[PDB]
Structure formats: structure tokens, C-alpha cells
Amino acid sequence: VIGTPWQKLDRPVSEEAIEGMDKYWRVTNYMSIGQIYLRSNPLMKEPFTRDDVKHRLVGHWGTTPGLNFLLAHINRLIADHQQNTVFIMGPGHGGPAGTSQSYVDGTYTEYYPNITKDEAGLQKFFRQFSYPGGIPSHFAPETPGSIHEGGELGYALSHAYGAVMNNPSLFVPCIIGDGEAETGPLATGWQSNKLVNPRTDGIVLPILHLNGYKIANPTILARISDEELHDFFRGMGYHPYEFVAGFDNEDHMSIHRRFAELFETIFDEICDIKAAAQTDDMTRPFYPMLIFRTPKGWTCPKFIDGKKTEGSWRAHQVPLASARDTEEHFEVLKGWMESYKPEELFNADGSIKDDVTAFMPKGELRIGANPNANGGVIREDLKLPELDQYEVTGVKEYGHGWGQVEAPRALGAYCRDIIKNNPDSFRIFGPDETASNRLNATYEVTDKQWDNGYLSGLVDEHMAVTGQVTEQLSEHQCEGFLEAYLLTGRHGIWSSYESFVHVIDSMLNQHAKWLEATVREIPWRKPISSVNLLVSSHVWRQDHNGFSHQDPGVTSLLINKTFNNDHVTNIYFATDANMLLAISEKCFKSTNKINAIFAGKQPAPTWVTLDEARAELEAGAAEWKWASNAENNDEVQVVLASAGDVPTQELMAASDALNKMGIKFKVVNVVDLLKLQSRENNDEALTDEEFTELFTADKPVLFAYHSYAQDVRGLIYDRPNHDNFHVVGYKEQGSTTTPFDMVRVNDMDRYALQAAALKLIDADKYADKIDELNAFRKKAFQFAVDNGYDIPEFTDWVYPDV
């Protein structure tokens, strides 16, 4: 247990804590200006001149003094209440407030010992910000206290609410840009309070950083009427509180005492909710939220060159951009930095004075030290059930190609038992598609968590106020809740229709960037559990939905996060349920990855046994020798290779026909796609030797790919024999139609694959046969048009091993 959660003070905030927070706000504003502007002379010691100013002024002042004021007060709250706390910096461009926080709390020098608490360390700390060889301008993963960089805005609320799930002792003050609140993902993030339980989850306090402006415009929420702004928050289930300061001549000590009093009223309401939830965990409370309305750039010069800067969008990035180049801007910078009175905040040796930090929390309650902001320190491996009990044993009993299993059901049973063994640390998220993607075996041991109105057992099923599955129709919510659930040390999986994974392409990009920077250079940030995404209800079988639902291209996005032997991204094609089991175990043991797990939810054959899946998964691609009919590679006339459930079923039927014609081939199944890349691009890929053993040195290779052929063409560009591959993939053809027609129109059906194999072997010899196969594809299409189902010769085919 960290601290003493949800305790009220029952005395006023002390005057010493008020004095300490004003000194914090002054020193963190002074050091944030020093990080943006100074390359030397951090204490302005004689002579202080333009030569001490950076030659490239980069970074963002406007948000920063607001964040520094909130951080003084959240620090005071943590210390006085001993409250386990992680904050979220929505305006992540306020990086200097997050680095200043960790430098004051002492974690900065603990994690970066060269950056010491004295004049030399402070000089290094100022220069390194947003500087070559230095550190980022945002609240990046290399800053203690960060689980959210806030560069791509929108995800502050889903991260906050995912951090509190199953974390009943944790408070998260979530600071949200008022410009960020104009994004789609932030606007739906406020609704998450219908999806957490005040007994079994922790508490988010949204703090809208309503400083009036974004980069070059006012914000929508700051300029609507105050009545509308409070109705809006009350309508989303909050009790809004509003604080306004800095627009008049109120002295800063008075401002701190009024804010401390308000924050204590808010925290007491949060403690009342937490106490009441011990008894009534079914009534959803109106959780507090705070509208914090202060001038953008607060405390900077009111006008610069005749233009209003404090209280304007003009304060967003770098005011005084000529500070190194003109004596006029320099004297303004000098007066601005002097206004914080640093001679009162630092000792002669350059260390921040004890009276500046006496009010701060200590130990693991410090924002920079709390293990929830470095969740791999808390993470334990999952207690996994043995995988063999889930195996589809039909392949062993009856043969390769057996049955009509819906593959994700085996993963549903495996996840049900992972939840039973890990009942508060593994969650499932889905955008109203957990049952549609066939993971509903999980409801045998838990419920979908819904903290909103119930009506009747005739409609509400598998649903309760606490539970380990969460659904909302928003891929941004599912991906963001899971990312923070992992960042805080826990585990989970989500599923999405494949075409709609694209809604969250950019969130995958950012969490991959967070992993890239972590595995490269932040070894104190310990490994977290991977993002596991079941990508299902895929392009080949959108029977009720059609063309808008046909887009497997998240493969191509994921390929753009495969560099530097970081190994943070995996793309897996589950050939059947036993392959899906073997991939899922590997994913659930893995850390520091995004694992995209492709699997079809339609009834489909099972190709391999579980032991076979385990071996083939490790290599990444495998010959299926029981399907190949060639003696050796030299007798091969064509290599039949596939990745994906439906391309594999059509390739296997093509193999059956080609065997019956007397054609010699081998069959290669591909599961771990990036293992096709060269070793020069991927030091864990097949070697050239192993790749040539599979694909041959010089025989044609027909490759039936689940996604866009471009992916495979690009990945194998420097591989031996790559000129001999013919990659057939989805090609933006399809609608609501029958299973055969959907593969027919992308030349992926068994008949077109058999024709393409013959064209690669001898197009002249097999010209008539290729025409007969193309005519059969037309007869089977007319059959579907006339009859309303596919030709039995297509539907009824079973691999002959069965």
C-alpha cells in the first residue's frame, strides 16, 4: 500500500505550505525559462550577457507556468495527505515543468547523476533542454514522473482512466489542454467515468487547463459562456469546480491560499466518494472536475514590442525570440528572470534552498519516484494456464485441415483462465466487439464493467459495476485505457475489426515511439507488458458489412516501426487456433512490444497441431512437409507460400489440385512476418541460408498474402530469390458478397492461385488449363448470383489428409 489513501486533513493548509508552494512556483518558472533560454550562467552571475543566451531558442513557455502552479499544489496535496498520485501532462509541450518537477523532487539527479543539485548541475540542466545531445522538449519517457508524453494531443483522459483501473489507492490529477479538448479522442475521454467503479478502481480528477488559447486561436471551451461550460461537465457526470486567477492584481500568496482551500474542498469530496463506495459501489457519483482559468504564459511580460503576450496565444512557443540578438529583448529576458528573485531560492553554491522544498512529498510518494509512473517496477509476470488444454486436437486425431473451428474461441478460453488466475491485473478491452470477435468465453469468470444505468435482466447480461472487461464504441478509448493499464504495470488484450484498427494508427505510432526511446536509452524505465491486439473480423469475411470494413493495412503502418533492432513491433498471422494459441502465449510473456495478432473469426480449418505451431512460430515461417510433394528444393516447380487464415485455405486447395495434376511443389506457411526481412534490417530474422532453404534459391514462389502485396515486396527486396516471388494480396476489391466471391475478385481464390502457379511454371503449356480455371471462377460466381450461396464444390472441399 503506498501512503494512506483517501484521507482528509480536517485542518487548514498551513502558512508554511503556502510559502513553500510559492517558492516552488517561482523556482520552477525560473528554471523553465532557464531551460528554454540559457546555455550558460544559470544564476545570472556577473557578467550576465547575451552570450549566455541560446543561439536556437526552442520550446514552449505558454502552458508551463500554469503547469508549474498546479504541480506546486499537487505536490503539497500529496505530502499533506500521503496520497499515492501520478499526474498526466496533457499539454506535453510543457516539458520544462515536468523536468523542473523531477529536479526539485530530487529524482532528476537520482536518475541522472551528472545533473547535480548545485550551480554546475543547474547550468547543465538549462543547456540540455531541447538541445543537441541533450533531452526532449516534451514530457518524454526519459523524465521521471511521466507515463504520457503529450506530443500528439488527445489521449490525456483515456491514459488517466486506464491508470486507475484496478488501482483503488491511486489518484490521478489529469491536466488537459483547452486546445487538446477540441480533439475527438479527448472529447470522448470525459465519458470514461461511466466505465470505472469508485470502490475497485482509483479516482481521476480532470483539470482543464483553461488558459484561453491554443497556438494561434482562442479555444472553444474558454469562449463559450460559463453557464454552458458547467452544464457541459455536469452533463458528463462531473461536479464542476472553477478557479480563476491571474487576471487582476491579486497577490500570489492570496492566490495560493484560495487555490489550496478549493483543492482541499475537492479532495474532501473525492474522499467522501471513496468512503461511500465501500458501502454503495453501485450508485455512480458525480466526480469533481476542476476548470482552471488562468492567463496563458502567466507571469511573463504583459506586452512585448507592443503586442499582448501574457494572456494571449502569442505566449504559446518562445516569447522574446531576439533575446540573444538585440539588447532590447535581452534586457526584457533579464528583468523577467529577475522577477522570480532567484537570489532567494538558491544558495551560493547553486543548490535550491531547503525552505523551497520542505513542503514536498518524500520517498516513493514523490511524483518522479512513484512506481506507478514506472510500472515495470510493479509488474509481475502473469500466472498463465498451461497451453495444451486449449489445443484443437482434431488435427492430431483426424488430420491437417480438419473441422470448422472459430479460432478466437480458443483464445477466449485461454483469456478466461488468465483472468481467473490474475483476477485484478489482466483486462480485456473492445469497442463493442468482444463478443463479435468471439472472446466472450471470458464472461464465464467476469463481467463487462458498466457504471451507468441498468434496466432489466432481459437485456443486461454479463454486465456489472465491477468486472475485468471494458467496452465503449471508441478505438481511442480502448487503445488509451490499455496503454496506461500496461504503463502502470498490468496486462491485457483488446480486439478490433481489422479495418477500424486504422482509427488508432497514430496512437500505435506514439506508443511505438515511447517503446523505441525506452529500449534504446532509458534503462531505469523497466519493461512493461506489451500491447496485444487481436486484429479480427477481417477483410475476407465482412459478410454483413462490405467495402468500408475491408482494409488490412495496419500491417503497412506497423512496418514503419521496425528499425534499429529495437524489436518493439510484431506482426503475427495466426493460421488457425493452435497457431493463435502459440502466438498469444508468446505475446502475453513478451514485454516492451506492440503485438498485432491477425486471426479470422469465421469457421475455418485447423492446419497444424499445437506442438507444430510452437515450432513454426519460433522460426517465423515453416515448410509444411506433409503438404509438399517435392523430393527436395531442386525438384520444386513452384513454392506455394501464404500468410493468413484465408490465403492459406485457398493456397492449400490450390496445392491439392496442383498435386492431382502431377505438378511438384513445396508449401511454406509464414506466421512471423518481419522474420522475412534480411538480417541487415532485422537481426532476429531468418538467415539467408534458412530463407533459401524455405523459398529456394531460384524456383518461382507464389505468395498468397492476407494484406496489401506492397508490404511483402518491400520487406524481401534484398532477400535471395526475391525476383521470383509473385505476391498476390488484397487489392481494394470486394463488397457484401459470398466467401468465394470476396477472394475471387482479389485473384486470391484457390482457382486463381492454381492458375497463377501454372503461369509461373509454364504459361504456354498451361494456357488452356489457366482458361478453364478462369471459366470455372465465372461459373462459381454465377452460381452465387443465381442461387444465393457458393457452389458446393467450393464450400464442401476438405484437405485430403482429413
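A residue's number is simply how far along the shown sequence it sits, counting from 1.
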I need to verify one thing: averaged over C-alpha atoms only, is the B-factor higher for 516-524 or for 477-485? 516-524
When mean C-alpha B-factors in the record are compared for 208-216 and 557-565, the larger belongs to 557-565
Using the temperature factors in the entry, find which of 36, 27, 70, 775 has the highest value at its Cα atom. 775
For the listed residues 221, 315, 323, 282, which one has the largest C-alpha B-factor as given in the deposited model? 323
Quick check for you: using the entry's CA B-factors within this chain, is residue 735 in the lowest, middle or highest third? highest
Among the chain's modelled residues, which third holds the C-alpha B-factor of residue 17? middle
How does residue 171 rank on Cα B-factor within its chain, lowest, middle or highest third? lowest
According to the PDB entry, is the CA B factor of residue 595 in the bottom, middle or top third of its chain, that is, lowest, middle or highest? middle
Where does residue 385 sit by CA temperature factor within its chain: lowest, middle or highest third? highest
